[PDB]
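**Student:** Have a look at this one before I ask anything.
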6 protein chains.
Amino acid sequence: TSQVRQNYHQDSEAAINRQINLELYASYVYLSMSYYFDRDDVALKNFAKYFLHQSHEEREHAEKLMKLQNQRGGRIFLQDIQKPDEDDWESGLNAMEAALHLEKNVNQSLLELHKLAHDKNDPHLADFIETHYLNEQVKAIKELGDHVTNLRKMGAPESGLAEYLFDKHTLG
Amino acid sequence: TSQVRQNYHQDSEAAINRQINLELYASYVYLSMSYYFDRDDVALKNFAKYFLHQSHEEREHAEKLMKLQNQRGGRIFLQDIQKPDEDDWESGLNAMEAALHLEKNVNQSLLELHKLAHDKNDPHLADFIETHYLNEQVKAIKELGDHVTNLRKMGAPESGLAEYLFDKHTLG
Amino acid sequence: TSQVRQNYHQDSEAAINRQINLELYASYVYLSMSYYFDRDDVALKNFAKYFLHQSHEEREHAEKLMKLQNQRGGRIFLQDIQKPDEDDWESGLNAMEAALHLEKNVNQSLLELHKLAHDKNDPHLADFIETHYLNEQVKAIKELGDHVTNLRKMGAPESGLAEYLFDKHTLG
Amino acid sequence: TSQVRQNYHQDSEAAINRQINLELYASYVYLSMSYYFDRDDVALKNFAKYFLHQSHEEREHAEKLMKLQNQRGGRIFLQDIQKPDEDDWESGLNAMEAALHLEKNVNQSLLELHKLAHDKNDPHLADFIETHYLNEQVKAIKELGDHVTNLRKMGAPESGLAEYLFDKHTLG
Amino acid sequence: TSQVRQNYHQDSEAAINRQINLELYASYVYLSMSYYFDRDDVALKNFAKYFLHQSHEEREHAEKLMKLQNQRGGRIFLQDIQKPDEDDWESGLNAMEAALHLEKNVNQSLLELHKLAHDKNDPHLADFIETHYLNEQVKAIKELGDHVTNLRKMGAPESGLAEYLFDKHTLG
Amino acid sequence: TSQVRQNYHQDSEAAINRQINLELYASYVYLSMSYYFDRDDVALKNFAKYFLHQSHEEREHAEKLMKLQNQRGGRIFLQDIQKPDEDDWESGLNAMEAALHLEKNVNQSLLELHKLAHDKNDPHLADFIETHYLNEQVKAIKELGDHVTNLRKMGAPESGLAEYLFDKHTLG
Ligand SMILES: [Ca+2]
Ligand SMILES: [Ca+2]
Ligand SMILES: [Ca+2]
Ligand SMILES: [Ca+2]
Ligand SMILES: [Ca+2]
Ligand SMILES: [Ca+2]
Ligand SMILES: [Ca+2]
Ligand SMILES: [Ca+2]
Ligand code: NI
Ligand code: NI
Ligand code: NI
Ligand code: NI
Ligand code: NI
Ligand code: NI
Ligand code: NI
Ligand code: NI
Ligand code: NI
Ligand code: NI
Ligand code: NI
Ligand code: NI
Ligand code: NI
Ligand code: NI
Ligand code: NI
Ligand code: NI
Ligand code: NI
Ligand code: NI
Ligand code: NI
Ligand code: NI
């Protein structure tokens, strides 16, 4: 038992390791999306920059959870980072839709983590999730929804013009 | 065939995808090491900072190879990022030794990549490797060797004093 | 024999004179394209500026090879600069496609020059080509491919709107 | 007929295309001279810089005439740029004499262009030539004459000392 | 075997020790030349400064190769630095000619070192030589050739005036 | 006889040439020591920096004596610079002891040079030695003695910790 450990359930510790993996996974999905838009036959530079920024953010999310694990005296166990479910993300609209789906999955995982913390009467963990993760997820989901809506209304993905102009005026 | 592709062998393209994976793997190993030294029962903050810096560097290495793949008209295929071979890195000396071994493995992979590029008469790829990777590897290996030597001479890993003082005066 | 000449094969010297001519030729093609977009019945000012910049760059490429010839003790022999294969470049998309083709031809010439240097065991010439020409060509080809892709996806050349908006938001 | 064309005779348009070619030719002659003085067995760096500056100026002359052609609604037709009449320019004095001869030939062409413009009652073209070309030519010819005179009086080309000192104190 | 050593042939290691000695030797030759021009019966202060600068440069060349040896895990073995082949360098022209000969000898040694590295499939060593030594040698040889040419054309070594004026206007 | 020579005995001139050689030799010993501490299996960076600084100082000592030789109208005759008596300097303490021995040998040579100058009634040479060399030697010897004392008291060379900490806190 860690000399610092206090009111930290083993289920919470395991859940934090799973969330670390999920955040690293999200980082990897976004990296893949980013360089898809860097392809010479896609060539939407601001889509690429947008998803690269997201990738680096998700890495920060993971590192803060690793720090949390050690803060509470839990022990980090890393697992493989699975490659994303696609190699070719099709279009700006499709990538944005996939990112929305991803962020809602991460959000669901965090809400389950919060539920667990509360069930185990761990207010420090509950508030850590509340303070550093829940509103970030709500903001990310809202932003992605906004982007999907505009791309759809503009005529994406069929209109290459639409994705070009969205890349310039929204993501640029 | 990509409209940009020229003098880029399919073996080179495959080799670049493998090197991307190896760089991401190195990034993950270093992340694991970093947070090992953040444990309350290890608590060497400058070892932790050193390996975290290395982790972020390796991520830059991977991203530059992904950019290269698209520059030459190859196609990125990501694979799982395997978890590191240890969860507990034992000591500062042991971690440094493991990092040395890792950098020499990455170096061997890059020398084979250069050999392939030269065999396929790809001077752009050969010089990309020469210019951006080979001396970086030699410098990294020399630095890690220096660190291992000093930690050994100081009495690590048995002397917790040695690793403490090395953390303060070399890594800090 | 020049007092400075050393390890410089006569075939390399001849090849450098041919590359000088090819760089001056590229400069001239780009000059022609530039002023095509300055026509009152074409009137895409940022296409014009883009190709004029390219023209001046190619002139720098030629001058650096002339300097190289004298550095190694070879002797410059200039040849006519052939007029470009078109007087009317049709459209922004068509010009970009022609520029892509041109840069790949120049690249092929440089890869053959590097192959020759290596065959004649001239590492100074090989590395001169590697360092100052090969990645510049890869970058130019990637950029032109990106531009072609976007113009195609936007609806060029049929959509005069597409080329107008690309001129404003990408080239401007 | 161009929508902008007004009071612009087809003979004037053709004459402007010929003058464009002559300006590009002058640029090429000066480029050749410049790198002749960069040879290790000539090695007069300020002669080289002087003629390189002249080369870039002549390119500006050509570009302004191309702009003029489009301003008036004429159509640019480029022709080959002939290689200069010498590969070896012999000496600083000889190069200066050849440049003087060249500038007087260009001047003669411009005076004929002005005569044509006036014959066709084209005061815009006449004044364009007057304002941007005629005094530039007179100044260039006077400067070259001054240089030839001094080099002759100093003992060039036989005195290598003379050309060395002129390179340092006049061209430097 | 050094813990850092990788893909570093014993022949390469020996060749690097020989090149270290040759660079120190060049430094010594230039030191000797420098103070020859400091003699009261020679008294060309800018020749003296020129060769002293060269001496210190060659020392930097040697130190970078010593660093390289340790970077690759080779072991430095120094040898005597032979005194130069002359005590009296005769004249500015003669010294410049001797320096040209010296730089071409050093260049030949470096080209053989590069050939060896390539034969032993050592791209890190090949590119180290390419990047830090080959163009430096080409530039040095061209500069010395230029100086020899001007001194000859001016009338050196018979004209003490020529060497005086060259010292003032080129080396000063 | 030099036009500047006055009250300068041939024995003094010869002695100055010997001292030039001894100063260059000291520079070389210190260069060797410096890069010994740059080895991956020694890796004391501040020992390396300390002896490199000493090497460059000794080179300044030699150059000032060469200047002196020409000031007095003597003639410089250089001799080989002998390689140092060791390739492997064992330890920080051992190197410091060897440097102390070296500086006392150089000092003995300078005291004999001063004795000679005084015997030949050469007060300019005597005071040159007094002013620029004797106290520098006393200071160097005292510093090296201080370093040896501290390294011994700390437990060097057996304590790798001692040399590490001395490198950090005294030489750094
Ligand atoms: Ca998998
Ligand atoms: Ca696995
Ligand atoms: Ca033709
Ligand atoms: Ca290279
Ligand atoms: Ca012709
Ligand atoms: Ca000898
Ligand atoms: Ca010896
Ligand atoms: Ca005194
Ligand atoms: Ni996010
Ligand atoms: Ni996240
Ligand atoms: Ni779903
Ligand atoms: Ni690294
Ligand atoms: Ni890496
Ligand atoms: Ni192993
Ligand atoms: Ni280009
Ligand atoms: Ni080019
Ligand atoms: Ni074709
Ligand atoms: Ni080869
Ligand atoms: Ni002119
Ligand atoms: Ni002109
Ligand atoms: Ni004539
Ligand atoms: Ni040099
Ligand atoms: Ni050198
Ligand atoms: Ni010879
Ligand atoms: Ni000293
Ligand atoms: Ni000394
Ligand atoms: Ni003794
Ligand atoms: Ni006395």
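Chain labels A, B, ... are given in the sequence in which chains occur in the structure tokens; within each chain residues are numbered consecutively from 1, and ligands are likewise numbered from 1 in the order shown.
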Quick one: which chain C residues come within 9 Å of chain B, and what is the nearest atom pair for each with the distance in Å to one decimal, counting only C-alpha atoms, rows ordered by chain and ascending number, as JSON lines?

**Tutor:**
```
{"residue": "C:100", "atom": "CA", "partner": "B:4", "partner_atom": "CA", "distance": 8.2}
{"residue": "C:104", "atom": "CA", "partner": "B:6", "partner_atom": "CA", "distance": 7.6}
{"residue": "C:107", "atom": "CA", "partner": "B:6", "partner_atom": "CA", "distance": 8.5}
{"residue": "C:108", "atom": "CA", "partner": "B:6", "partner_atom": "CA", "distance": 8.2}
{"residue": "C:111", "atom": "CA", "partner": "B:123", "partner_atom": "CA", "distance": 7.5}
{"residue": "C:114", "atom": "CA", "partner": "B:123", "partner_atom": "CA", "distance": 7.5}
{"residue": "C:115", "atom": "CA", "partner": "B:121", "partner_atom": "CA", "distance": 7.6}
{"residue": "C:126", "atom": "CA", "partner": "B:123", "partner_atom": "CA", "distance": 8.7}
{"residue": "C:127", "atom": "CA", "partner": "B:127", "partner_atom": "CA", "distance": 8.2}
{"residue": "C:130", "atom": "CA", "partner": "B:127", "partner_atom": "CA", "distance": 6.3}
{"residue": "C:131", "atom": "CA", "partner": "B:127", "partner_atom": "CA", "distance": 7.7}
{"residue": "C:134", "atom": "CA", "partner": "B:124", "partner_atom": "CA", "distance": 5.7}
{"residue": "C:135", "atom": "CA", "partner": "B:124", "partner_atom": "CA", "distance": 6.5}
{"residue": "C:138", "atom": "CA", "partner": "B:71", "partner_atom": "CA", "distance": 6.6}
{"residue": "C:139", "atom": "CA", "partner": "B:71", "partner_atom": "CA", "distance": 7.0}
{"residue": "C:141", "atom": "CA", "partner": "B:4", "partner_atom": "CA", "distance": 6.0}
{"residue": "C:142", "atom": "CA", "partner": "B:71", "partner_atom": "CA", "distance": 5.8}
{"residue": "C:143", "atom": "CA", "partner": "B:71", "partner_atom": "CA", "distance": 9.0}
{"residue": "C:144", "atom": "CA", "partner": "B:4", "partner_atom": "CA", "distance": 8.5}
{"residue": "C:145", "atom": "CA", "partner": "B:4", "partner_atom": "CA", "distance": 6.2}
```

**Student:** Let's have the selection written as an mmCIF file, in the first residue's frame, with C-alpha atoms.

**Tutor:**
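Here's the written file out16.cif:
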```
data_model
loop_
_atom_site.group_PDB
_atom_site.id
_atom_site.type_symbol
_atom_site.label_atom_id
_atom_site.label_comp_id
_atom_site.auth_asym_id
_atom_site.auth_seq_id
_atom_site.Cartn_x
_atom_site.Cartn_y
_atom_site.Cartn_z
ATOM 1 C CA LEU C 100 3.621 19.942 -61.556
ATOM 2 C CA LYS C 104 8.749 16.379 -61.821
ATOM 3 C CA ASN C 107 13.354 16.410 -60.279
ATOM 4 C CA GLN C 108 14.052 13.502 -62.618
ATOM 5 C CA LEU C 111 17.998 12.433 -59.513
ATOM 6 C CA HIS C 114 22.845 12.590 -58.208
ATOM 7 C CA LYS C 115 23.134 9.089 -59.642
ATOM 8 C CA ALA C 126 26.082 14.280 -54.391
ATOM 9 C CA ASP C 127 25.581 16.152 -51.139
ATOM 10 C CA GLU C 130 20.902 16.331 -51.753
ATOM 11 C CA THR C 131 21.171 19.433 -49.601
ATOM 12 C CA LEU C 134 16.198 17.303 -53.714
ATOM 13 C CA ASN C 135 13.981 18.358 -50.838
ATOM 14 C CA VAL C 138 9.829 17.267 -53.185
ATOM 15 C CA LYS C 139 8.303 20.284 -51.432
ATOM 16 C CA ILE C 141 5.837 18.870 -56.137
ATOM 17 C CA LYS C 142 3.786 18.325 -52.983
ATOM 18 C CA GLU C 143 2.610 21.943 -52.994
ATOM 19 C CA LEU C 144 1.588 21.802 -56.642
ATOM 20 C CA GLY C 145 -0.226 18.524 -56.087
#
```

**Student:** Using only C-alpha atoms and all ligand atoms, what are the residues with an atom within 12 Å of ligand 20, set out as an MDAnalysis selection string?

**Tutor:** chainID D and resid 19:30 53:65 99 102:110 129 132:141

**Student:** Choose the residue, out of D:90, D:77, D:45, D:116, that has the smallest atom-to-atom separation from residue E:150; count only C-alpha atoms.

**Tutor:**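 That would be D:45, the residue with the smallest distance to residue E:150.
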
**Student:** Please give the complete set of residues from chain C that DSSP, run on the backbone, assigns to alpha helix (DSSP H), formatted as an NGL selection string.

**Tutor:** :C and (10-37 or 45-71 or 92-119 or 123-129 or 135-154 or 160-169)

**Student:** Could you list, as a list in words, all protein and nucleic acid residues with an atom at most 8 Å from ligand 18, counting only C-alpha atoms and all ligand atoms?

**Tutor:**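 The residues within 8 Å of ligand 18, counting only C-alpha atoms and all ligand atoms, are residues 118 and 119 of chain B; 118 and 119 of chain C; 118 and 119 of chain E.
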
**Student:** Can you tell me how far atom CA of residue F:146 sits from atom CA of residue F:163, in Å to one decimal?

**Tutor:**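 For atom CA of residue F:146 relative to atom CA of residue F:163, the distance reads 14.3 Å.
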
**Student:** Check which residues fall inside 12 Å of ligand 5 when counting only C-alpha atoms and all ligand atoms, and print them as a PyMOL selection string.

**Tutor:** (chain C and resi 78-83) or (chain D and resi 25+79-85)

**Student:** Restricting it to C-alpha atoms, dump the selection as an mmCIF file, in the first residue's frame.

**Tutor:**
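So the final result, stored in selection.cif, reads:
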```cif
data_model
loop_
_atom_site.group_PDB
_atom_site.id
_atom_site.type_symbol
_atom_site.label_atom_id
_atom_site.label_comp_id
_atom_site.auth_asym_id
_atom_site.auth_seq_id
_atom_site.Cartn_x
_atom_site.Cartn_y
_atom_site.Cartn_z
ATOM 1 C CA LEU C 78 25.300 28.442 -71.625
ATOM 2 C CA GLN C 79 22.796 27.363 -74.259
ATOM 3 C CA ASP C 80 19.656 29.006 -75.615
ATOM 4 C CA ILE C 81 16.726 29.206 -73.225
ATOM 5 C CA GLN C 82 13.890 27.595 -75.149
ATOM 6 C CA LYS C 83 10.547 29.343 -75.124
ATOM 7 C CA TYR D 25 18.727 38.543 -74.051
ATOM 8 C CA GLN D 79 10.721 33.518 -78.185
ATOM 9 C CA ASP D 80 13.898 31.627 -77.332
ATOM 10 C CA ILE D 81 16.507 33.562 -75.388
ATOM 11 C CA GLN D 82 19.641 33.194 -77.482
ATOM 12 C CA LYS D 83 22.849 32.340 -75.690
ATOM 13 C CA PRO D 84 25.443 35.135 -75.726
ATOM 14 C CA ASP D 85 28.004 35.449 -78.496
#
```

**Student:** Tell me, in Å to one decimal, how far atom CA of residue A:1 is from atom CA of residue B:36.

**Tutor:**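 Distance between the two atoms: 16.1 Å.
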
**Student:** Skipping near chain neighbours, those fewer than 4 positions away, what residues fall within 8 Å of residue C:167 using only C-alpha atoms, listed as JSON, numbers by chain?

**Tutor:** {"C": [44, 45, 46, 47, 163, 171, 172]}

**Student:** Using Å and a single decimal, report how far atom CA of residue B:34 sits from atom CA of residue B:50.

**Tutor:**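 These two atoms are separated by 7.3 Å.
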
**Student:** From the options B:101, B:48, B:9, B:39, which residue's atoms come nearest to ligand 14, counting only C-alpha atoms and all ligand atoms?

**Tutor:**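 Among the listed residues, the smallest separation from ligand 14 belongs to B:101.
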